[PDB]
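Notes follow once the structure below has been shown.
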Amino acid sequence: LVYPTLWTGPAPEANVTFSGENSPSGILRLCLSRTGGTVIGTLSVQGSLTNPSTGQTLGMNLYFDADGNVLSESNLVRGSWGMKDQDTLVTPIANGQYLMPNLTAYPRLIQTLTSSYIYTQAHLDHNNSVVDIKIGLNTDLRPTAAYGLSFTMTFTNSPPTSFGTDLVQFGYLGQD
Amino acid sequence: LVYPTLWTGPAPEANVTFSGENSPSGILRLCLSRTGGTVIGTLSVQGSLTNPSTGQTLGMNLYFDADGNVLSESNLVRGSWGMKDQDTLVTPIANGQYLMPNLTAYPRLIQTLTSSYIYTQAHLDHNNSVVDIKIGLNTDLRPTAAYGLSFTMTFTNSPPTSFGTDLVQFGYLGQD
Amino acid sequence: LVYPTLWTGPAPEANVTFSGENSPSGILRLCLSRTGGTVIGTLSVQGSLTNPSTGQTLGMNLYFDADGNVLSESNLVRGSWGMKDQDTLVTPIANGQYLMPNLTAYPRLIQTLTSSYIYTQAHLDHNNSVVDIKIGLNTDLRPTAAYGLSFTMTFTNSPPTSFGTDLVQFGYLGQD
């Protein structure tokens, strides 16, 4: 048993709208691969807010069904998520559940467990400005969702109009 | 060749006894998977100390035999370390050596090599306080032990009565 | 598919020459393994400068051909890069492209994309000094190089006459 790889594609186009935004104004480069029990995530985000949002934090939620497909309520455009085949996405995902966060380790809708979060930080293009990122495993999700993956970015002060981050990695326990 | 996965299970109960403590009062969520020559670890820790520990540091040591079994003298109760089968533990570990720290990269009982340590840090439930973890590969071990992982946690001042960390990750070169 | 593992070996001898030095005065411990779409790197560096360097930063470039062998112009001596067979190093590298950074995600010769970089940090043996490490995916190349992987270490003041880092990890998306 070798597991599939779920991703947004290597070099995707604008594929994420942010809270209170009309059209998609950011690119999310997410990719999940697995060995043994462990899923490994790689992440990089860049966007530009069309409005100066009065708030030091800004977030972005992924919600998945039982097979690992992204649900429409997510901040990611459905089109931009699938299985890795070479340098492309394969659209109808199969056996995605294996790359999702383990439901016993990271119980659904329980926000009070530190053990279900990953705190990390990413560097920003301009200056040595750092963004804190907080990833939430199964913590933030809608009734319809089976799994989840929340990304919350806090800025040193007020978010810039435009930003790109570096490549940030993370690991967590896979389901099954 | 596909390697096995060793872990404390996905949602273990109290399973570590901290130095100077009578009963297990801490939960260690550890998991080691592998591809190629690299072993990937995920760590998350929660504890509470029945007495107020006069000391900034707080450690816990794992000692393994040749097959990758946790030895009695470890801070982990040995009932709580096994192979992954779905969400369960399998108690006779077979071929665990592949997840142990490479004996040539990280020689036994040589504490003077920086290359044998991983310095990382975790976030603590309360505020955002950090705690510095220092994993030591084969550095701290008993005579009878074959391999070792030692975790030391330095708190910014004095350890709290109770605490839970986020999910931390680390990689190292595997044996064989 | 099961991908190979490329590395400098587990406990290599002096195998890297720093920009300006005539002989190798450094030890690079690097290993790349892969699972699914993700390549996972481990890194620790030890070196000493035979002169006092007027330069706060310090850097070493790896340049690879189509199969993932290191070219001569790389700061790493060629002798010290190969495939993993247990604790040894196998020299005709076959099928190494899979461990190299994906060319669609991390375009060649392009340095203005933050997404092509991995900012991280290592701890230095003496005190709790950190050194900032910036890995560049295909950003620094020679006309002959197919792929590239550049490490730049910025020190808090001038770089010391000798140093050793702890073990540091990163992930990126692999080619094919």
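Convention: chains lettered A, B, ... in structure tokens order; per-chain residue numbering from 1; ligands numbered from 1 as shown.
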
Could you find all residues in chain C that DSSP calls strand (DSSP E or B) from the backbone, and write them as a PyMOL selection string? chain C and resi 6-7+16+26-35+38-48+57-64+70+76+82-85+88-90+101+117-124+130-137+147-155+162-165+168-174

Considering only C-alpha atoms, tabulate each residue of chain B that lies at most 9 Å from chain A along with its nearest interatomic pair and the corresponding distance in Å to one decimal; arrange the rows by chain and ascending residue number and present them as CSV.
```
residue,atom,partner,partner_atom,distance
B:2,CA,A:36,CA,8.3
B:3,CA,A:36,CA,7.2
B:4,CA,A:36,CA,6.5
B:5,CA,A:36,CA,5.4
B:6,CA,A:37,CA,8.6
B:7,CA,A:37,CA,8.8
B:9,CA,A:105,CA,8.5
B:10,CA,A:105,CA,4.7
B:11,CA,A:105,CA,5.0
B:12,CA,A:105,CA,8.7
B:29,CA,A:115,CA,8.6
B:31,CA,A:37,CA,7.7
B:32,CA,A:38,CA,7.9
B:33,CA,A:36,CA,5.1
B:34,CA,A:35,CA,6.3
B:35,CA,A:35,CA,6.5
B:40,CA,A:38,CA,7.6
B:41,CA,A:171,CA,8.2
B:42,CA,A:171,CA,6.8
B:44,CA,A:115,CA,6.1
B:45,CA,A:115,CA,7.6
B:46,CA,A:115,CA,8.2
B:84,CA,A:37,CA,7.3
B:85,CA,A:176,CA,8.5
B:86,CA,A:176,CA,5.0
B:87,CA,A:176,CA,6.7
B:122,CA,A:119,CA,7.6
B:123,CA,A:119,CA,6.8
B:124,CA,A:114,CA,7.6
B:125,CA,A:114,CA,5.7
B:164,CA,A:114,CA,6.2
B:165,CA,A:114,CA,5.9
B:166,CA,A:115,CA,4.8
B:167,CA,A:118,CA,5.2
B:168,CA,A:118,CA,7.0
B:169,CA,A:171,CA,6.1
B:170,CA,A:171,CA,8.7
```

Shell of 7 Å around residue 24 in chain C, only C-alpha atoms, local chain residues under 2 positions omitted, as a list in words: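 The residues satisfying every condition are residues 14, 15, 16, 17 and 26 of chain C.
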
Excluding range 70-79 of chain C and any residue of its chain fewer than 5 positions from it, enumerate the residues within 12 Å of it, using only C-alpha atoms, and give them as a ChimeraX atom specification. /C:6-9,12-30,45,58-65,89-93,96-97,100,140-151

Generate the output file for the selected residues, C-alpha atoms, as a JSON list (two decimals), in the first residue's frame.
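selection-v9.json, freshly written:
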```json
[["chain", "number", "residue", "atom", "x", "y", "z"],
["C", 6, "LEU", "CA", 20.55, 10.60, -2.30],
["C", 7, "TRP", "CA", 22.95, 11.68, 0.41],
["C", 8, "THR", "CA", 26.44, 12.70, 1.46],
["C", 9, "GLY", "CA", 26.61, 9.49, 3.46],
["C", 12, "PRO", "CA", 31.20, 11.99, 5.94],
["C", 13, "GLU", "CA", 34.62, 13.58, 6.19],
["C", 14, "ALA", "CA", 35.56, 17.06, 5.02],
["C", 15, "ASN", "CA", 33.56, 17.36, 1.77],
["C", 16, "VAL", "CA", 32.76, 21.07, 1.12],
["C", 17, "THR", "CA", 34.88, 24.09, 0.10],
["C", 18, "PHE", "CA", 33.55, 27.54, 0.95],
["C", 19, "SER", "CA", 33.62, 30.44, -1.51],
["C", 20, "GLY", "CA", 37.19, 31.73, -1.46],
["C", 21, "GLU", "CA", 38.79, 28.70, 0.23],
["C", 22, "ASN", "CA", 41.31, 26.58, -1.74],
["C", 23, "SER", "CA", 40.66, 23.23, 0.09],
["C", 24, "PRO", "CA", 37.60, 21.74, 1.80],
["C", 25, "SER", "CA", 37.13, 23.04, 5.33],
["C", 26, "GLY", "CA", 33.52, 21.94, 5.89],
["C", 27, "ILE", "CA", 31.29, 18.89, 6.40],
["C", 28, "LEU", "CA", 27.89, 18.85, 4.75],
["C", 29, "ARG", "CA", 25.49, 16.22, 5.98],
["C", 30, "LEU", "CA", 22.62, 16.17, 3.52],
["C", 45, "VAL", "CA", 26.85, 21.68, 8.65],
["C", 58, "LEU", "CA", 28.33, 32.57, 4.00],
["C", 59, "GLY", "CA", 27.04, 30.27, 1.28],
["C", 60, "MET", "CA", 27.32, 27.04, -0.63],
["C", 61, "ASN", "CA", 25.74, 26.03, -3.92],
["C", 62, "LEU", "CA", 24.87, 22.56, -5.16],
["C", 63, "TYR", "CA", 24.34, 22.25, -8.90],
["C", 64, "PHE", "CA", 22.91, 19.05, -10.42],
["C", 65, "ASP", "CA", 22.78, 17.51, -13.90],
["C", 89, "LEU", "CA", 27.31, 5.71, -0.93],
["C", 90, "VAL", "CA", 26.72, 4.42, -4.48],
["C", 91, "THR", "CA", 28.22, 6.53, -7.26],
["C", 92, "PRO", "CA", 26.53, 6.10, -10.60],
["C", 93, "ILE", "CA", 23.29, 7.84, -9.50],
["C", 96, "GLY", "CA", 17.93, 10.98, -9.12],
["C", 97, "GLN", "CA", 15.68, 13.50, -10.86],
["C", 100, "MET", "CA", 15.35, 17.35, -7.28],
["C", 140, "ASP", "CA", 21.01, 29.64, -8.31],
["C", 141, "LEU", "CA", 22.41, 27.70, -11.24],
["C", 142, "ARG", "CA", 25.13, 27.44, -13.83],
["C", 143, "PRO", "CA", 24.34, 27.18, -17.53],
["C", 144, "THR", "CA", 25.04, 23.41, -17.43],
["C", 145, "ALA", "CA", 23.05, 22.71, -14.24],
["C", 146, "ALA", "CA", 19.61, 21.17, -14.69],
["C", 147, "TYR", "CA", 18.62, 21.64, -11.07],
["C", 148, "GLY", "CA", 20.03, 23.64, -8.17],
["C", 149, "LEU", "CA", 19.89, 23.80, -4.40],
["C", 150, "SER", "CA", 21.62, 26.74, -2.71],
["C", 151, "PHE", "CA", 22.25, 27.28, 0.97]]
```

For the atom pair CA of residue 130 in chain C and CA of residue 158 in chain A, what is the interatomic distance in Å to one decimal place?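 So the answer is 27.7 Å.
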